[PDB]
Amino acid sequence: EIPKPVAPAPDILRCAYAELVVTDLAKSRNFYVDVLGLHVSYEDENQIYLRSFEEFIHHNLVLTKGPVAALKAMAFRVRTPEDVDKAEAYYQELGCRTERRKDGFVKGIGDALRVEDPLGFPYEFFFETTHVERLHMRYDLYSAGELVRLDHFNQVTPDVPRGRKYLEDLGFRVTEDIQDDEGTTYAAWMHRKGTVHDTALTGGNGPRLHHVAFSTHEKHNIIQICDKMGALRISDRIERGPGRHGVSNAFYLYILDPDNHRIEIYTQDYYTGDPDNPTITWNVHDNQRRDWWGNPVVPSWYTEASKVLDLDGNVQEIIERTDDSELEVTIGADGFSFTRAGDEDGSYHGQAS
């Protein structure tokens, strides 16, 4: 019921950066630079611009001081300058509020379009960006926990099929999803760049930003982040993991920044660039779907997420999911999960694993 525009979709290359509003810039800096080791592309007293080890565009993350912590923009790079015009015509046809700035919203981005998308998320589309030193061989700077690329976003929205069709029309291809036999969709993963995803939809009250994910080269780099957080006596900011995912097959960790923005560290998913890439559907009751090793998913992972802003910088009103809750059907009083389909041995009932 989000209508497909007659205007052609912009050609989206990949997720590129997120602008997060933070309440204490210095404490956010400590987390993203001193703990996590992201690289400074620019900073002043209002903003810090950060990039990953292998990036050549200006930044992957912008931290902006503001009164209420929230996602301000999730940005996708498009293939040509003309694609920003296409994005503008496309969202205007969808009836969405748009704002175009020929010189960008943040430093190091040129001509850019921000929109309040049909799911209430602040999307940005741009092509032009200031190139910086690509640090991919700067092993003199490489951290034991080095974050090497921006991998994806993950959005909480109440109606997953409705959002999925809209992103499919935008050219995103679904690689994996979670469903049940009654026909409810709980989550979907979709891509442009030929990894498992550039964004994903998690069923829940929204719009809220569930997480931003960075990749590492190897699994030991993720381990090191946990080990460092232990040494810094901030292990209470490790929310979930480390683990192996079922969906995506990636090794992963979820941690919480000082404003409780959730960051995923992620590595070693698989190639999805062929247009007939096989789509994998998991049953919501399969206890290996989210953590392959069957470790339980903490309730906060399902219930907590970041606010998102509209184009005026005000928090978007939240719409409550009416479809079945993944939390309730798996770990709630009436929920259940299995290790082996149809086997009570290794099943969990009204209880997590």
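Just count from 1 along the sequence shown to find any residue number.
Asker: Select between 313-321 and 39-47 the stretch whose C-alpha atoms have the higher average B-factor in the entry.
Answerer: Going by the record's values, the stretch with the higher mean is 313-321.
Asker: Averaging CA B factors per stretch from the PDB record, which one is higher: 177-185 or 69-77?
Answerer: Here the higher of the two C-alpha B-factor means belongs to 177-185.
Asker: From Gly246, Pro258, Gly241, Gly95, which pick has the Cα B-factor that tops the rest in the entry?
Answerer: Spelled out: the listed residue with the top C-alpha B-factor is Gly95.
Asker: Between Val212, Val132, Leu170, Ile225, where does the Cα B-factor run highest in the record?
Answerer: The record points to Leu170.
Asker: Would you mind checking where the Cα B-factor of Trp293 ranks among the modelled residues of its chain, as the lowest, middle or highest third?
Answerer: Ranked within chain, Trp293 CA B lands in the middle tercile.
Asker: How does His59 rank on Cα B-factor within its chain, lowest, middle or highest third?
Answerer: CA B-factor rank for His59: lowest third.
Asker: Rank-wise, by C-alpha B-factor, drop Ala9 into the lowest, middle or highest third of its chain.
Answerer: It falls in the top third of the chain.
Asker: Where does the C-alpha B-factor of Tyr142 rank in its chain, lowest, middle or highest third?
Answerer: Within its chain, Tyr142 is a lowest-third residue by C-alpha B-factor, going by the deposited values.
Asker: Grab the CA temperature factor for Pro161 from the record and place it in the lowest, middle or highest third of its chain.
Answerer: For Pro161, whose C-alpha B-factor we compare with every modelled residue in the chain, the answer is the highest third.
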